[PDB]
Amino acid sequence: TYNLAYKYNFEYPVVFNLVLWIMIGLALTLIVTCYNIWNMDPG
Amino acid sequence: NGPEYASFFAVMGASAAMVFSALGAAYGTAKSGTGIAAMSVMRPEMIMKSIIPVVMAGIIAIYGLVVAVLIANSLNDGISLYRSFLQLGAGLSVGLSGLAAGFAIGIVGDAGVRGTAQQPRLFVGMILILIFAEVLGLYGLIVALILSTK
Amino acid sequence: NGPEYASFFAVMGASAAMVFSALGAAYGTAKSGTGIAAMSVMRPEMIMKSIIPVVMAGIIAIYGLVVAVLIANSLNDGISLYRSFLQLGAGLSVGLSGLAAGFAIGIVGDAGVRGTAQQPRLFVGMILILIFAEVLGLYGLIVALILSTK
Amino acid sequence: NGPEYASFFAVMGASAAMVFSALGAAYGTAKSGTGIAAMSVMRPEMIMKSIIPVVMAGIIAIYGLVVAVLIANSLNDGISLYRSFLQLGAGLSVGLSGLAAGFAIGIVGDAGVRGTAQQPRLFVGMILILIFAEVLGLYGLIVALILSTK
Amino acid sequence: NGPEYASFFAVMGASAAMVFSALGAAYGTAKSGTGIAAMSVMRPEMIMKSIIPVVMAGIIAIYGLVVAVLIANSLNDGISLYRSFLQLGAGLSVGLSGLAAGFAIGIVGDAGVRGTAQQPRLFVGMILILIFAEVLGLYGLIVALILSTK
Amino acid sequence: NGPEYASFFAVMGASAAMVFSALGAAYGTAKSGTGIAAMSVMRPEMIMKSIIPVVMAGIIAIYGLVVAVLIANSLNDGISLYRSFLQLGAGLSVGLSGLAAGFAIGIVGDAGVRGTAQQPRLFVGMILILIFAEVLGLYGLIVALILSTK
Amino acid sequence: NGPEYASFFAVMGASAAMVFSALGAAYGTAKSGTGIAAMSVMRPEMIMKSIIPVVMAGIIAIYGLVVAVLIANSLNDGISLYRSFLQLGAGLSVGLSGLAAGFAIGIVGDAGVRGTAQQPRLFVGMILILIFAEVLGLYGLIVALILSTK
Amino acid sequence: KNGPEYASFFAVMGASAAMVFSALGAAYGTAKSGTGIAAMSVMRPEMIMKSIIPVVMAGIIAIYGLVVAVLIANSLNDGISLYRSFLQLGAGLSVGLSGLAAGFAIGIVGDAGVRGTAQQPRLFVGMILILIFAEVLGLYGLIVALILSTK
Amino acid sequence: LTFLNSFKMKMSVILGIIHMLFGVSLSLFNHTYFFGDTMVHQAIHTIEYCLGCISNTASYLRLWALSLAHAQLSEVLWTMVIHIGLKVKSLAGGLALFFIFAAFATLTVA
Amino acid sequence: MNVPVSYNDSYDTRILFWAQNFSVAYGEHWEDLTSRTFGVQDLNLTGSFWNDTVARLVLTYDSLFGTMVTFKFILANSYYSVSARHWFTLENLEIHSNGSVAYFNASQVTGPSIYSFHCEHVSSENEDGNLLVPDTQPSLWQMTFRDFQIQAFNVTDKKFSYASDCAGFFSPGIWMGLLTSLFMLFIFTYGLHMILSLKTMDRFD
Amino acid sequence: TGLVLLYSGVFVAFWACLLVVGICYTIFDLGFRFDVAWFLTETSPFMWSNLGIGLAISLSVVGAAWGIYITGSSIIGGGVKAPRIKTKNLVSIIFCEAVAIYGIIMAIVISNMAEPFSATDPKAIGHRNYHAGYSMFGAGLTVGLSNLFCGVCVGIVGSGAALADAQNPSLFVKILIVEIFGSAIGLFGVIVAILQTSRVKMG
Ligand SMILES: *[C@@H]1O[C@H](CO)[C@@H](O)[C@H](O)[C@H]1NC(C)=O
Ligand SMILES: *[C@@H]1O[C@H](CO)[C@@H](O)[C@H](O)[C@H]1NC(C)=O
Ligand SMILES: *[C@@H]1O[C@H](CO)[C@@H](O)[C@H](O)[C@H]1NC(C)=O
Ligand SMILES: *[C@@H]1O[C@H](CO)[C@@H](O)[C@H](O)[C@H]1NC(C)=O
Ligand SMILES: *[C@@H]1O[C@H](CO)[C@@H](O)[C@H](O)[C@H]1NC(C)=O
């Protein structure tokens, strides 16, 4: 008995469901918002 | 103790509380600093009384410095994944709100010191909007401090 | 000991401490260096006096260099994964804050020497803003230094 | 020895040190080379005198050259994964910081030689700015040399 | 022997040594070739004098062709993984720095030829900046060779 | 024999040999053909003498066709993986460098015919730079042949 | 026989032969036919004569039609995987080159008819260039038929 | 008989896309043409009720997506098969992207129409005939989605 | 193919060194025929000769590699002349060889 | 605990298998066979077949629902052409009742022969996507492996090789729902781009 | 450009992930994990089939509605000074409306051949059934996207013909032949679409 594998849990797609597309969803709405305040028009 | 990768989110929160907060202080210094040099050509009398928005923008950086050394002194090997996530959200909610804070200080600090040289009645009103632009970062603390001590 | 790939974040923390700091120092040297060329043809005297922002931006590079060597001196084969994430969070917190510090000295160093050419009263005012713009990278040290000690 | 896939990161340290450093040295030559041809219509005397930013940017290319051969000489079949990450972190630290120094030389090298034609007293000060815009790549050396030797 | 996918990376080293060098050779010929037209409408005597920028962009093409026949002739069925990754970084080094060197030639080619049209004293200075622009392609070549020897 | 999906790479080597050389020959036809009509209105004599770049764009089209029908003759069920990568790098290198030669022809071919209407001296100098924009496509062919024979 | 998913790549090759050729026939007729209604107002004589670029672009559409008939009839339920990959590249070879021929036709077909309204001596040269644009559509056809019929 | 538990996602997503994409087009027809009413009415204020014809023709596009969204939502059921749920997703894209398309067509033509009708009243019967050909494209979205949902 | 690469590169590099030797020796006979600014000028005089001759001798390596370009396309040209035209079974000797030998006459010189 | 192994007579070992929880359900009752397997160190493994193309793993327990009842993991090592590899597959899982056979089908427990499979839930009782499926739908037998790792045909040094997990970044439910959600996000961002771009005019007459 | 930086900032980023995800599957051993077989087989044959019926009619009419508003602005634009264009030049509307007919004729045909089944295993779902799935996707793709391109084709020429007829009345019957070759591509779409669905049967 040796070299037992790393025990990934059974909800791995479900984590990549809700962690990747959420962090990028949220990443955008930071950047598109941060862009919109960076060059405003004080004129 | 938690997993071996658990320390990654706490040190990310220790960095994102300092990267984003200094970035907010960077825009507040730069956008209001351009208005300083455009004011001094017309009215040379007010230079100490015109650098109120930049010194209030400096507090945004020290807002991030509080939670950064706080998280790093609560940091440990083998921290729980529940414990490590709180310092991440403490890191994001003080920097990105401070980045939002320095965005407001930078804009109204720019146009405020332009109108102050053209009419000094704006100067009492310019600070009063700047306080509302700065306490957004102060709400960044009491979400970060209430999350880090858990 | 930790895994064999654990040193990957540690050497990347040594790189990001050097890249983003020198990227910040490059913007402060170039954007404010553009302001020296436009002012010197008009006011040719204040040129050894106007190289204060390009030497204040030069501190930001050795701000990144110190934590680069301090991370690189602490590298070993098979360091723990906890110890490597601190050095990645150290290098990101000094370079990206120093890159933000380069954005600040780049703009106000440009606009400050634009108005110093027309009025020499700004030189005590402009050099006062630069301390507030440079201290962000000085804030970047004491979070990076306090992280790599753990 | 180590794994079979380990050589790819040490190759990427050797290649990106020669791409990015030559990518910056190309921009520093091209942006300043436009500035040479622009002032040569009015002021043809400073052509040998004004190629200082081009030969200062040429050091950035040989900055990436010396770290490339030093990494390629350390390349063996099946090196350890800890050793290969040190060469990738060294190659990124010299190429992208050289890409930063390639940017900073190019801007003030363009704007400075626009001003030295109209006023030749800039010639002492313009090269004085470029030293600070050149040592940024030199800080990239002493972190890349200390990382590849480990 | 090596794996089946190992020959893909060495073939990619043969193509990227060609097409990236060809893109720099195409851009340097096209950007400087436009300036030959605007120069000729007033100074048609310096037509044969103005072929020296576009032939030095032709050196970038044969710099890629030299490496491309070296990687293609070292190709064999069942090469090792250490053998193939050496050839991939050999192709990226001559190609991408050649893409940079071809970019730097065409900018000073367009500026110098228009500049030497108004004043023929630039012709001894324009060829000097092009030499430093060309030699960046040589720095990619010499590290492409010593990676392909092992 | 080899894997089932091995022939997919050699098919894509046949397609990218044609569609990139066709895209190169199209832009060299389009950008130069726009310059033919602008020249022919003022100088209608040199209208069959000005179609030297458009046939030189046409030779880039047959350069891809040589490689494309060569690969389709060598295609067979159950080809090995090492054979199929070699045809992928063959079609990529003759394609994208032919796209580079197509871009390089169109810029100076347009610039040449805009100038030869204004001066007949450029018509010998125009065909020089077009040859250097054509040998880039020839360099892609001779490395495509040396990559597809093995 | 072949696997169950094998017919997918033959289906995608059947559609891509038609859509990308339809895109070439779209811009080949829309961009050029804009110039035909443009030409007709100032010179209504060549209106029935200069509809040759919109009928050569129609041959691009039937180039993608025949290979779609060739492929979709050669489909069967569960074909071999080697036969389906060939029909995938058969669709891309005639499609993207027919796409490339449409951008070649519509540019020079619009440019030629504007000079025709200014000087009708161009008309012998303009139709000659449209032959060189049409072989780009023709070269994609003969690679598609030599690939799908294997 | 019972399918997977995630099978009802697609028919629901077909029901939403029948109402999202129809409302995005119908809002374009009311905004782009409704802006042209404002520029028209300052000079020629009489034909204001006469020019809500392109606005009401964009309103039919909204109820074009509403009826099919009702028929999908009434056909929803726990444990529907993958054949049944995907038939309504293809029904949703057929009515949604058509209404998003014909929402643009009534919008630009109705904008340019009422700007030209004010300067020449003869173009009114010509403008309304183009809007018939534009709005009937939304009707083509129905009778494929009505066939697909009934099937 | 690999043996020709190792030999013809170094002998051409020495030939470029020999051409630079006869050229630099002519500068001494031309100089015999007839401090701060002298240091920066002669630095530009010397080190542009140093890195400059490397790019010169690298461009002497092309005249073998262009002959390798000369060799490969001549075989392909040659291949068409020897293979597509002459290896036709029935109708070769008339119209088939005539258009290919015309391509062997006219298309190879351009 | 440790794993059961079928050590061979010649100088090599062969297949081996591990879990944390191993449970079996017949009718309604659930028995934990993990102390009787992995710590017990003595197993009636009667025919542990091996042939380099087909291996077999039998587990008998003689203290179960009534009688002696035997489990059978039937593996295979074929040559699949479309990848040109050797892909092992757990072909069937058989429980031996009074005479009769349970015949559990288990596809997608597969992997390349060089590595070892490992999953987390290899239970029966098909709910959405569990790996084991019986042939008849109201089956009397059910089981559950709350951990799992099994290897055949390439065992070395009495230890497992690299793992081939069943987990995956994408499962075929999330990999159609993404490709349709990403399809009509793109339809939306064409529709949203046009509505975000209709400026009004400035002056009115 | 502000909004173009979003799409060109994502397409470069997403391709940069898929590049480095691509040289990290091969470089370890993990190409067996990729499985384009498992992507085309285990999903469904219905996700391709039902999308193709939707894209058949919807992408045709998004060219038909595109074709209308390009020339419809040019009808009323030239119709202000020259009101005679409103009767003659309505055939340019019809040719950019008959493209929508080519979709709805095709979309009923592809929906007439889709039929359910009971299998849930890609070995039980035979190659007679998977080939029926993708063929509806491919034929629905080439009748939708090609009609989009011929829809914008006849519309752009229709806008030019509305302007040319405003200056001269005799010109419009001469430029109408250009719109035939533009609308011929819509005919070239449906011939492929029925041919890709000729030998197809589900079940
Ligand atoms: C699974 O096995 C564990 C052994 O650690 C046991 O404690 C547990 O009770 C078992 N599960 C059930 C549902 O009985
Ligand atoms: C093992 O199981 C077999 C199955 O028939 C049986 O015959 C044998 O007696 C058993 N042996 C022991 C020791 O339990
Ligand atoms: C291995 O044994 C199995 C037992 O059923 C048999 O079917 C197979 O043919 C054998 N193969 C060899 C090579 O002995
Ligand atoms: C076998 O038969 C006996 C006697 O009828 C019964 O008690 C026992 O439950 C049976 N075993 C199984 C697994 O059904
Ligand atoms: C189930 O197992 C039986 C064993 O006889 C086999 O014939 C059948 O193909 C399997 N079915 C599935 C869907 O795995």
# chains A, B, ... in the order shown; residues from 1 in each chain; ligands from 1

call {"tool": "select_by_dssp", "arguments": {"residues": "chain F", "states": "helix (DSSP H, G or I)", "output": "JSON, numbers by chain"}}
result
{"F": [4, 5, 6, 7, 8, 9, 10, 11, 12, 13, 14, 15, 16, 17, 18, 19, 20, 21, 22, 23, 24, 25, 26, 27, 28, 29, 30, 31, 32, 33, 34, 35, 36, 37, 38, 39, 40, 52, 53, 54, 55, 56, 57, 58, 59, 60, 61, 62, 63, 64, 65, 66, 67, 68, 69, 70, 71, 72, 73, 74, 81, 82, 83, 84, 85, 86, 87, 88, 89, 90, 91, 92, 93, 94, 95, 96, 97, 98, 99, 100, 101, 102, 103, 104, 105, 106, 107, 108, 109, 110, 111, 112, 113, 114, 115, 116, 122, 123, 124, 125, 126, 127, 128, 129, 130, 131, 132, 135, 136, 137, 138, 139, 140, 141, 142, 143, 144, 145, 146, 147, 148]}

call {"tool": "write_last_selection", "arguments": {"atoms": "C-alpha atoms", "output": "CSV table (one decimal), in the first residue's frame"}}
result
chain,number,residue,atom,x,y,z
F,4,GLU,CA,-7.2,7.9,-36.3
F,5,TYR,CA,-7.1,11.6,-35.9
F,6,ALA,CA,-3.5,11.9,-37.2
F,7,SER,CA,-4.7,12.8,-40.7
F,8,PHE,CA,-6.6,15.9,-39.3
F,9,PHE,CA,-3.3,17.8,-39.0
F,10,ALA,CA,-2.3,17.1,-42.6
F,11,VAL,CA,-5.7,18.2,-43.8
F,12,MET,CA,-5.3,21.4,-41.9
F,13,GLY,CA,-1.8,21.7,-43.4
F,14,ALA,CA,-3.4,21.5,-46.8
F,15,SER,CA,-6.1,24.1,-46.0
F,16,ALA,CA,-3.8,26.6,-44.4
F,17,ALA,CA,-1.4,26.3,-47.3
F,18,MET,CA,-4.2,27.6,-49.6
F,19,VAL,CA,-6.5,29.9,-47.7
F,20,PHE,CA,-3.6,32.0,-46.2
F,21,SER,CA,-1.8,32.3,-49.6
F,22,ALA,CA,-5.2,33.2,-51.2
F,23,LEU,CA,-5.7,35.8,-48.5
F,24,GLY,CA,-2.3,37.2,-49.1
F,25,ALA,CA,-2.8,37.3,-52.9
F,26,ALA,CA,-6.1,39.0,-52.4
F,27,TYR,CA,-4.8,41.9,-50.4
F,28,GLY,CA,-1.9,42.3,-52.8
F,29,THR,CA,-4.5,42.5,-55.6
F,30,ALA,CA,-6.9,44.7,-53.7
F,31,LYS,CA,-4.5,47.4,-52.3
F,32,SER,CA,-2.5,47.6,-55.5
F,33,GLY,CA,-5.6,47.5,-57.7
F,34,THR,CA,-7.0,50.5,-55.9
F,35,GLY,CA,-3.7,52.3,-56.9
F,36,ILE,CA,-4.1,51.3,-60.5
F,37,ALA,CA,-7.3,53.3,-61.0
F,38,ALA,CA,-5.9,56.4,-59.2
F,39,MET,CA,-2.8,56.4,-61.5
F,40,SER,CA,-4.6,55.6,-64.8
F,52,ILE,CA,3.7,44.3,-62.3
F,53,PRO,CA,2.6,44.2,-58.6
F,54,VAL,CA,-0.7,42.5,-59.3
F,55,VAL,CA,0.9,39.6,-61.2
F,56,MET,CA,3.6,39.5,-58.5
F,57,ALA,CA,0.6,39.1,-56.1
F,58,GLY,CA,-0.5,36.3,-58.4
F,59,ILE,CA,2.7,34.4,-58.0
F,60,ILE,CA,2.0,34.2,-54.2
F,61,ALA,CA,-1.3,32.4,-55.1
F,62,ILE,CA,0.5,29.7,-57.1
F,63,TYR,CA,3.1,29.4,-54.3
F,64,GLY,CA,0.5,28.0,-52.0
F,65,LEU,CA,-1.1,25.9,-54.8
F,66,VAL,CA,2.3,24.0,-55.2
F,67,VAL,CA,2.3,23.1,-51.6
F,68,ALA,CA,-1.4,22.4,-51.4
F,69,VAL,CA,-1.6,19.8,-54.2
F,70,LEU,CA,1.6,18.3,-52.9
F,71,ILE,CA,0.0,17.5,-49.5
F,72,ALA,CA,-3.2,16.2,-51.0
F,73,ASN,CA,-1.2,13.7,-53.1
F,74,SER,CA,0.7,12.6,-49.9
F,81,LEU,CA,1.8,11.3,-36.3
F,82,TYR,CA,5.3,12.5,-37.2
F,83,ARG,CA,4.4,12.6,-40.9
F,84,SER,CA,1.3,14.7,-40.3
F,85,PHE,CA,2.9,17.4,-38.2
F,86,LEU,CA,5.5,18.0,-40.9
F,87,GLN,CA,2.7,18.8,-43.4
F,88,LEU,CA,1.1,21.1,-40.9
F,89,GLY,CA,4.3,23.1,-40.5
F,90,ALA,CA,4.7,23.1,-44.3
F,91,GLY,CA,1.3,24.7,-45.0
F,92,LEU,CA,1.6,27.1,-42.1
F,93,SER,CA,5.0,28.4,-43.2
F,94,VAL,CA,4.1,28.9,-46.9
F,95,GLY,CA,0.8,30.3,-45.9
F,96,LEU,CA,1.5,33.0,-43.3
F,97,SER,CA,4.7,34.1,-45.0
F,98,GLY,CA,2.8,34.3,-48.2
F,99,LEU,CA,0.3,36.4,-46.2
F,100,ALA,CA,3.3,38.5,-45.2
F,101,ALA,CA,4.5,38.8,-48.8
F,102,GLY,CA,0.9,39.7,-49.8
F,103,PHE,CA,0.9,42.5,-47.2
F,104,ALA,CA,4.3,43.7,-48.2
F,105,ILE,CA,3.4,43.9,-51.9
F,106,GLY,CA,0.2,45.9,-51.4
F,107,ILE,CA,1.7,48.7,-49.4
F,108,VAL,CA,4.6,49.6,-51.6
F,109,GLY,CA,2.8,48.5,-54.8
F,110,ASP,CA,0.2,51.2,-54.0
F,111,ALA,CA,2.9,53.6,-53.0
F,112,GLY,CA,4.9,52.9,-56.2
F,113,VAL,CA,2.0,53.5,-58.6
F,114,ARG,CA,1.0,56.7,-56.7
F,115,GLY,CA,4.5,58.0,-57.4
F,116,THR,CA,5.2,56.8,-60.9
F,122,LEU,CA,10.6,55.6,-59.6
F,123,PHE,CA,9.4,52.9,-62.1
F,124,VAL,CA,12.8,51.2,-62.0
F,125,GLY,CA,13.0,51.7,-58.2
F,126,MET,CA,9.5,50.5,-57.6
F,127,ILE,CA,10.3,47.0,-59.1
F,128,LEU,CA,13.3,46.7,-56.8
F,129,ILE,CA,11.3,46.9,-53.5
F,130,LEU,CA,8.6,44.7,-54.9
F,131,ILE,CA,11.2,41.9,-55.5
F,132,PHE,CA,12.2,42.2,-51.8
F,135,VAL,CA,11.3,36.8,-52.0
F,136,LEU,CA,9.6,36.6,-48.6
F,137,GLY,CA,7.0,34.3,-50.2
F,138,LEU,CA,9.8,32.4,-52.0
F,139,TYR,CA,11.5,31.8,-48.6
F,140,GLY,CA,8.3,30.2,-47.4
F,141,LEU,CA,8.2,27.9,-50.4
F,142,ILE,CA,11.7,26.5,-50.1
F,143,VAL,CA,11.2,25.7,-46.4
F,144,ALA,CA,7.7,24.2,-47.1
F,145,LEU,CA,9.4,21.8,-49.6
F,146,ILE,CA,12.1,20.8,-47.2
F,147,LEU,CA,9.6,20.2,-44.5
F,148,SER,CA,7.2,18.0,-46.6

call {"tool": "residues_near_ligand", "arguments": {"ligand": "ligand 5", "cutoff": "8 Å", "atoms": "only C-alpha atoms and all ligand atoms", "output": "ChimeraX atom specification"}}
result
/J:92,103-107,133-135 /K:121,123-124

call {"tool": "residues_near_ligand", "arguments": {"ligand": "ligand 1", "cutoff": "9 Å", "atoms": "only C-alpha atoms and all ligand atoms", "output": "PyMOL selection string"}}
result
chain J and resi 20-23+30-35+144-146

call {"tool": "atom_distance", "arguments": {"atom1": "atom CA of residue B:48", "atom2": "atom CA of residue A:40"}}
result
27.0 Å

call {"tool": "closest_residue", "arguments": {"among": "J:59, J:25, J:74, J:84", "to": "ligand 4", "atoms": "only C-alpha atoms and all ligand atoms"}}
result
J:25

call {"tool": "closest_atom_pairs", "arguments": {"of": "chain K", "to": "chain E", "cutoff": "12 Å", "atoms": "only C-alpha atoms", "output": "JSON lines"}}
result
{"residue": "K:23", "atom": "CA", "partner": "E:9", "partner_atom": "CA", "distance": 9.8}
{"residue": "K:25", "atom": "CA", "partner": "E:5", "partner_atom": "CA", "distance": 11.2}
{"residue": "K:26", "atom": "CA", "partner": "E:5", "partner_atom": "CA", "distance": 7.5}
{"residue": "K:27", "atom": "CA", "partner": "E:5", "partner_atom": "CA", "distance": 8.8}
{"residue": "K:28", "atom": "CA", "partner": "E:5", "partner_atom": "CA", "distance": 11.0}
{"residue": "K:29", "atom": "CA", "partner": "E:3", "partner_atom": "CA", "distance": 9.6}
{"residue": "K:30", "atom": "CA", "partner": "E:5", "partner_atom": "CA", "distance": 11.6}
{"residue": "K:31", "atom": "CA", "partner": "E:5", "partner_atom": "CA", "distance": 9.7}

call {"tool": "residues_near_ligand", "arguments": {"ligand": "ligand 4", "cutoff": "9 Å", "atoms": "only C-alpha atoms and all ligand atoms", "output": "JSON, numbers by chain"}}
result
{"J": [26, 27, 64, 65, 66, 67, 68, 69, 95, 96, 97, 98, 99, 100, 140, 141]}

call {"tool": "decode", "arguments": {"residues": "stretch 13-33 of chain A", "atoms": "N, CA and C atoms", "output": "mmCIF file, in the first residue's frame"}}
result
data_model
loop_
_atom_site.group_PDB
_atom_site.id
_atom_site.type_symbol
_atom_site.label_atom_id
_atom_site.label_comp_id
_atom_site.auth_asym_id
_atom_site.auth_seq_id
_atom_site.Cartn_x
_atom_site.Cartn_y
_atom_site.Cartn_z
ATOM 1 N N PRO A 13 -16.976 19.669 -11.314
ATOM 2 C CA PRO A 13 -17.580 20.558 -12.312
ATOM 3 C C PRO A 13 -18.401 21.645 -11.647
ATOM 4 N N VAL A 14 -19.141 21.258 -10.602
ATOM 5 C CA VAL A 14 -20.059 22.164 -9.914
ATOM 6 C C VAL A 14 -19.293 23.303 -9.243
ATOM 7 N N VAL A 15 -18.048 23.049 -8.843
ATOM 8 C CA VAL A 15 -17.208 24.147 -8.376
ATOM 9 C C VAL A 15 -16.786 25.021 -9.555
ATOM 10 N N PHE A 16 -16.286 24.401 -10.630
ATOM 11 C CA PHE A 16 -15.970 25.151 -11.847
ATOM 12 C C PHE A 16 -17.203 25.718 -12.541
ATOM 13 N N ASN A 17 -18.395 25.197 -12.240
ATOM 14 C CA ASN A 17 -19.616 25.923 -12.566
ATOM 15 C C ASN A 17 -19.633 27.297 -11.907
ATOM 16 N N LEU A 18 -19.528 27.335 -10.583
ATOM 17 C CA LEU A 18 -19.908 28.504 -9.814
ATOM 18 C C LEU A 18 -18.748 29.360 -9.334
ATOM 19 N N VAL A 19 -17.506 29.023 -9.659
ATOM 20 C CA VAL A 19 -16.357 29.809 -9.226
ATOM 21 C C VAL A 19 -15.701 30.526 -10.398
ATOM 22 N N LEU A 20 -15.577 29.855 -11.544
ATOM 23 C CA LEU A 20 -14.931 30.481 -12.691
ATOM 24 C C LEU A 20 -15.801 31.549 -13.337
ATOM 25 N N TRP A 21 -17.038 31.212 -13.704
ATOM 26 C CA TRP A 21 -17.874 32.155 -14.440
ATOM 27 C C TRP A 21 -18.438 33.232 -13.523
ATOM 28 N N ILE A 22 -18.424 32.988 -12.214
ATOM 29 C CA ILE A 22 -18.843 34.019 -11.274
ATOM 30 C C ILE A 22 -17.721 35.033 -11.075
ATOM 31 N N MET A 23 -16.474 34.558 -11.006
ATOM 32 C CA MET A 23 -15.348 35.462 -10.797
ATOM 33 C C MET A 23 -15.061 36.290 -12.048
ATOM 34 N N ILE A 24 -15.372 35.715 -13.195
ATOM 35 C CA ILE A 24 -15.264 36.519 -14.328
ATOM 36 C C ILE A 24 -16.426 37.304 -14.495
ATOM 37 N N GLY A 25 -17.581 36.942 -14.033
ATOM 38 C CA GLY A 25 -18.700 37.857 -14.177
ATOM 39 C C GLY A 25 -18.449 39.091 -13.372
ATOM 40 N N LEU A 26 -18.030 38.873 -12.181
ATOM 41 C CA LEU A 26 -17.654 39.877 -11.327
ATOM 42 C C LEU A 26 -16.439 40.471 -11.813
ATOM 43 N N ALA A 27 -15.482 39.868 -12.490
ATOM 44 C CA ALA A 27 -14.374 40.622 -12.937
ATOM 45 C C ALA A 27 -14.749 41.501 -13.854
ATOM 46 N N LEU A 28 -15.664 41.297 -14.775
ATOM 47 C CA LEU A 28 -15.925 42.376 -15.676
ATOM 48 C C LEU A 28 -16.541 43.685 -15.194
ATOM 49 N N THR A 29 -17.645 43.556 -14.567
ATOM 50 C CA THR A 29 -18.437 44.575 -13.894
ATOM 51 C C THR A 29 -17.606 45.363 -12.895
ATOM 52 N N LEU A 30 -16.393 44.897 -12.613
ATOM 53 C CA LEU A 30 -15.382 45.785 -12.057
ATOM 54 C C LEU A 30 -14.738 46.619 -13.153
ATOM 55 N N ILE A 31 -14.222 45.962 -14.199
ATOM 56 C CA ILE A 31 -13.367 46.625 -15.187
ATOM 57 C C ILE A 31 -14.170 47.570 -16.076
ATOM 58 N N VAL A 32 -15.345 47.135 -16.544
ATOM 59 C CA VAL A 32 -16.184 47.990 -17.387
ATOM 60 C C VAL A 32 -16.719 49.171 -16.582
ATOM 61 N N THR A 33 -16.937 48.965 -15.284
ATOM 62 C CA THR A 33 -17.242 50.080 -14.401
ATOM 63 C C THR A 33 -16.026 50.945 -14.103
#
